[PDB]
file structure12.cif (mmCIF, C-alpha atoms and all ligand atoms; chains and numbers go by the auth columns)
data_final
loop_
_atom_site.group_PDB
_atom_site.id
_atom_site.type_symbol
_atom_site.label_atom_id
_atom_site.label_comp_id
_atom_site.label_asym_id
_atom_site.label_seq_id
_atom_site.Cartn_x
_atom_site.Cartn_y
_atom_site.Cartn_z
_atom_site.B_iso_or_equiv
_atom_site.auth_seq_id
_atom_site.auth_asym_id
ATOM 1 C CA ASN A 1 55.325 -35.964 44.672 0.00 20 L
ATOM 2 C CA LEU A 2 54.188 -33.416 41.971 0.00 21 L
ATOM 3 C CA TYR A 3 50.902 -31.546 42.359 0.00 22 L
ATOM 4 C CA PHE A 4 48.959 -30.373 39.373 0.00 23 L
ATOM 5 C CA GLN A 5 45.989 -28.117 39.167 0.00 24 L
ATOM 6 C CA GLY A 6 43.648 -27.894 36.173 0.00 25 L
ATOM 7 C CA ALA A 7 44.792 -25.556 33.354 0.00 26 L
ATOM 8 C CA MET A 8 41.958 -25.558 30.885 0.00 27 L
ATOM 9 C CA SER A 9 40.430 -22.122 30.325 0.00 28 L
ATOM 10 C CA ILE A 10 37.164 -21.106 32.003 0.00 29 L
ATOM 11 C CA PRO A 11 34.347 -21.273 29.388 0.00 30 L
ATOM 12 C CA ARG A 12 31.560 -18.581 29.065 0.00 31 L
ATOM 13 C CA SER A 13 28.575 -20.495 27.728 0.00 32 L
ATOM 14 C CA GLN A 14 25.291 -19.306 26.228 0.00 33 L
ATOM 15 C CA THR A 15 22.623 -20.706 28.538 0.00 34 L
ATOM 16 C CA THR A 16 19.031 -20.189 29.615 0.00 35 L
ATOM 17 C CA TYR A 17 18.098 -20.133 33.283 0.00 36 L
ATOM 18 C CA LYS A 18 14.394 -19.905 34.220 0.00 37 L
ATOM 19 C CA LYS A 19 13.558 -19.015 30.654 0.00 38 L
ATOM 20 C CA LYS A 20 15.990 -16.040 30.388 0.00 39 L
ATOM 21 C CA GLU A 21 19.071 -15.996 28.145 0.00 40 L
ATOM 22 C CA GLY A 22 22.474 -15.526 29.807 0.00 41 L
ATOM 23 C CA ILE A 23 26.055 -16.651 30.314 0.00 42 L
ATOM 24 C CA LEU A 24 27.197 -19.475 32.619 0.00 43 L
ATOM 25 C CA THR A 25 30.805 -19.319 33.747 0.00 44 L
ATOM 26 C CA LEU A 26 33.012 -19.536 36.820 0.00 45 L
ATOM 27 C CA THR A 27 34.577 -16.836 38.824 0.00 46 L
ATOM 28 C CA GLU A 28 38.381 -16.314 38.179 0.00 47 L
ATOM 29 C CA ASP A 29 39.250 -18.093 41.461 0.00 48 L
ATOM 30 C CA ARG A 30 37.186 -21.098 40.220 0.00 49 L
ATOM 31 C CA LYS A 31 35.262 -21.099 43.542 0.00 50 L
ATOM 32 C CA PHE A 32 31.780 -20.059 42.265 0.00 51 L
ATOM 33 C CA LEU A 33 29.600 -21.089 39.346 0.00 52 L
ATOM 34 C CA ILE A 34 27.889 -17.912 38.171 0.00 53 L
ATOM 35 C CA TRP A 35 25.015 -17.256 35.749 0.00 54 L
ATOM 36 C CA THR A 36 24.346 -13.712 34.494 0.00 55 L
ATOM 37 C CA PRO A 37 21.436 -12.724 32.252 0.00 56 L
ATOM 38 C CA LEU A 38 22.147 -11.005 28.949 0.00 57 L
ATOM 39 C CA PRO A 39 23.471 -8.333 28.312 0.00 58 L
ATOM 40 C CA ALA A 40 25.858 -9.843 31.009 0.00 59 L
ATOM 41 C CA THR A 41 27.011 -6.451 32.389 0.00 60 L
ATOM 42 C CA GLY A 42 25.089 -6.612 35.705 0.00 61 L
ATOM 43 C CA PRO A 43 25.842 -8.959 38.494 0.00 62 L
ATOM 44 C CA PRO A 44 25.209 -12.667 38.547 0.00 63 L
ATOM 45 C CA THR A 45 21.708 -13.789 39.426 0.00 64 L
ATOM 46 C CA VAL A 46 22.958 -17.287 40.351 0.00 65 L
ATOM 47 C CA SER A 47 26.183 -17.706 42.362 0.00 66 L
ATOM 48 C CA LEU A 48 26.763 -21.251 43.636 0.00 67 L
ATOM 49 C CA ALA A 49 29.815 -22.008 45.688 0.00 68 L
ATOM 50 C CA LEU A 50 31.497 -25.174 44.374 0.00 69 L
ATOM 51 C CA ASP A 51 31.853 -26.191 48.053 0.00 70 L
ATOM 52 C CA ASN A 52 28.046 -26.387 48.216 0.00 71 L
ATOM 53 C CA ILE A 53 27.412 -28.385 45.052 0.00 72 L
ATOM 54 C CA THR A 54 26.493 -31.999 45.821 0.00 73 L
ATOM 55 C CA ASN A 55 25.571 -33.359 42.373 0.00 74 L
ATOM 56 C CA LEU A 56 25.841 -32.655 38.643 0.00 75 L
ATOM 57 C CA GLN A 57 23.513 -34.282 36.099 0.00 76 L
ATOM 58 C CA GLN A 58 22.949 -33.879 32.410 0.00 77 L
ATOM 59 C CA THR A 59 20.308 -34.627 29.789 0.00 78 L
ATOM 60 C CA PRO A 60 21.626 -37.584 27.808 0.00 79 L
ATOM 61 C CA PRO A 61 22.850 -36.893 24.238 0.00 80 L
ATOM 62 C CA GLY A 62 19.978 -37.008 21.743 0.00 81 L
ATOM 63 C CA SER A 63 17.606 -35.340 24.226 0.00 82 L
ATOM 64 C CA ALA A 64 15.423 -32.440 23.020 0.00 83 L
ATOM 65 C CA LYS A 65 17.430 -30.072 25.189 0.00 84 L
ATOM 66 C CA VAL A 66 21.033 -29.969 26.375 0.00 85 L
ATOM 67 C CA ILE A 67 20.736 -29.236 30.111 0.00 86 L
ATOM 68 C CA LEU A 68 23.119 -29.456 33.092 0.00 87 L
ATOM 69 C CA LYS A 69 21.439 -29.660 36.461 0.00 88 L
ATOM 70 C CA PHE A 70 23.389 -28.784 39.604 0.00 89 L
ATOM 71 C CA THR A 71 22.174 -29.701 43.112 0.00 90 L
ATOM 72 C CA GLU A 72 23.235 -27.792 46.207 0.00 91 L
ATOM 73 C CA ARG A 73 23.367 -28.798 49.871 0.00 92 L
ATOM 74 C CA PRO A 74 20.126 -28.321 51.711 0.00 93 L
ATOM 75 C CA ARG A 75 19.591 -24.917 53.186 0.00 94 L
ATOM 76 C CA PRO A 76 19.988 -24.750 56.968 0.00 95 L
ATOM 77 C CA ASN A 77 16.276 -24.493 57.866 0.00 96 L
ATOM 78 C CA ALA A 78 14.930 -26.766 55.131 0.00 97 L
ATOM 79 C CA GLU A 79 12.311 -29.325 56.176 0.00 98 L
ATOM 80 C CA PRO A 80 13.644 -32.887 56.073 0.00 99 L
ATOM 81 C CA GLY A 81 11.269 -34.023 53.327 0.00 100 L
ATOM 82 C CA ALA A 82 12.038 -31.116 51.026 0.00 101 L
ATOM 83 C CA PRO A 83 13.973 -31.508 47.801 0.00 102 L
ATOM 84 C CA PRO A 84 17.396 -29.901 47.724 0.00 103 L
ATOM 85 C CA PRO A 85 17.976 -26.673 45.820 0.00 104 L
ATOM 86 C CA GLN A 86 18.576 -27.228 42.109 0.00 105 L
ATOM 87 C CA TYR A 87 19.614 -25.104 39.122 0.00 106 L
ATOM 88 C CA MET A 88 19.053 -26.151 35.508 0.00 107 L
ATOM 89 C CA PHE A 89 21.035 -24.466 32.686 0.00 108 L
ATOM 90 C CA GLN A 90 19.938 -25.133 29.118 0.00 109 L
ATOM 91 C CA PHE A 91 22.844 -24.755 26.583 0.00 110 L
ATOM 92 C CA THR A 92 21.558 -22.819 23.586 0.00 111 L
ATOM 93 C CA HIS A 93 24.628 -22.340 21.272 0.00 112 L
ATOM 94 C CA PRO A 94 23.067 -23.527 18.009 0.00 113 L
ATOM 95 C CA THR A 95 25.918 -25.877 16.986 0.00 114 L
ATOM 96 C CA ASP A 96 28.051 -26.197 20.120 0.00 115 L
ATOM 97 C CA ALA A 97 25.468 -26.614 22.918 0.00 116 L
ATOM 98 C CA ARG A 98 26.487 -30.222 23.820 0.00 117 L
ATOM 99 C CA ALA A 99 30.260 -29.580 23.544 0.00 118 L
ATOM 100 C CA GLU A 100 29.921 -26.462 25.787 0.00 119 L
ATOM 101 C CA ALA A 101 27.904 -28.467 28.288 0.00 120 L
ATOM 102 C CA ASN A 102 30.585 -31.193 28.274 0.00 121 L
ATOM 103 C CA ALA A 103 33.357 -28.569 28.730 0.00 122 L
ATOM 104 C CA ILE A 104 31.664 -27.064 31.830 0.00 123 L
ATOM 105 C CA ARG A 105 30.748 -30.454 33.194 0.00 124 L
ATOM 106 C CA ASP A 106 34.314 -31.656 32.918 0.00 125 L
ATOM 107 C CA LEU A 107 35.793 -28.523 34.492 0.00 126 L
ATOM 108 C CA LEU A 108 33.244 -28.642 37.320 0.00 127 L
ATOM 109 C CA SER A 109 33.767 -32.370 38.058 0.00 128 L
ATOM 110 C CA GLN A 110 37.580 -31.784 38.271 0.00 129 L
ATOM 111 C CA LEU A 111 37.182 -28.874 40.654 0.00 130 L
ATOM 112 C CA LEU A 112 34.625 -30.731 42.748 0.00 131 L
ATOM 113 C CA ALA A 113 36.969 -33.740 43.030 0.00 132 L
ATOM 114 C CA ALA A 114 40.097 -31.506 43.768 0.00 133 L
ATOM 115 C CA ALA A 115 38.339 -29.944 46.847 0.00 134 L
HETATM 116 CL CL CL B . 35.849 -13.307 38.834 0.00 201 C
HETATM 117 CL CL CL B . 28.380 -11.711 26.641 0.00 202 C
HETATM 118 CL CL CL B . 23.093 -33.973 22.460 0.00 203 C
HETATM 119 CS CS CS B . 32.057 -20.963 24.718 0.00 204 C
HETATM 120 K K K B . 13.916 -26.157 23.148 0.00 205 C
#

call {"tool": "encode", "arguments": {"input": "structure12.cif", "output": "structure tokens", "more": "lines below"}}
Ligand SMILES: [Cl-]
Ligand SMILES: [Cl-]
Ligand SMILES: [Cl-]
Ligand SMILES: [Cs+]
Ligand SMILES: [K+]
result
Amino acid sequence: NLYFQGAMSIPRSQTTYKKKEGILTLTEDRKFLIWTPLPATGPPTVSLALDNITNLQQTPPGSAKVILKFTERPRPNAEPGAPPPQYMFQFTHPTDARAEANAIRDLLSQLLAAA
């Protein structure tokens, strides 16, 4: 009856959000996905609770851009026809963009399944 939690380290990935360079990571409690614009010393501009994330999608390998797209639960007063909130992070590490995207994706999918 053993219980295991994930033990990989939390990555800090070079990513662009709405055409600004920054760092995508998770909070230490692994409850929030946070993006902070460079220099990365101010507060996050995107903070998405993992409990509110309903989907994770990626550009397929070989695409022009390496992007992860996260979808959130609809906001409380959203109109029923409206698309759900979404957040696209382009991975910009010149050699490691796809590997960094895969690392975050894998860590996120584990946490999302564990909750
Ligand atoms: Cl933290
Ligand atoms: Cl940094
Ligand atoms: Cl790729
Ligand atoms: Cs990294
Ligand atoms: K590009």

call {"tool": "closest_residue", "arguments": {"input": "structure12.cif", "among": "L:78, L:48, L:43, L:133", "to": "residue 66 (chain L)", "atoms": "all atoms listed in the file"}}
result
L:43

call {"tool": "residues_near_ligand", "arguments": {"input": "structure12.cif", "ligand": "ligand CL 201 (chain C)", "cutoff": "8 Å", "atoms": "only C-alpha atoms and all ligand atoms", "output": "VMD selection string"}}
result
chain L and resid 45 to 48

call {"tool": "residues_near_ligand", "arguments": {"input": "structure12.cif", "ligand": "ligand CS 204 (chain C)", "cutoff": "10 Å", "atoms": "all atoms listed in the file", "output": "VMD selection string"}}
result
chain L and resid 29 to 33 42 to 44 112 115 to 116 118 to 120 122 to 123

call {"tool": "atom_distance", "arguments": {"input": "structure12.cif", "atom1": "CA of residue 95 (chain L)", "atom2": "CA of residue 71 (chain L)"}}
result
12.0 Å

call {"tool": "residues_around", "arguments": {"input": "structure12.cif", "residues": "residue 94 (chain L)", "least_positions_apart": "2", "cutoff": "12 Å", "atoms": "all atoms listed in the file", "output": "PyMOL selection string"}}
result
chain L and resi 71-72+90-92+96-99+101-105

call {"tool": "closest_residue", "arguments": {"input": "structure12.cif", "among": "L:127, L:52, L:26, L:57", "to": "ligand CL 202 (chain C)", "atoms": "only C-alpha atoms and all ligand atoms"}}
result
L:57
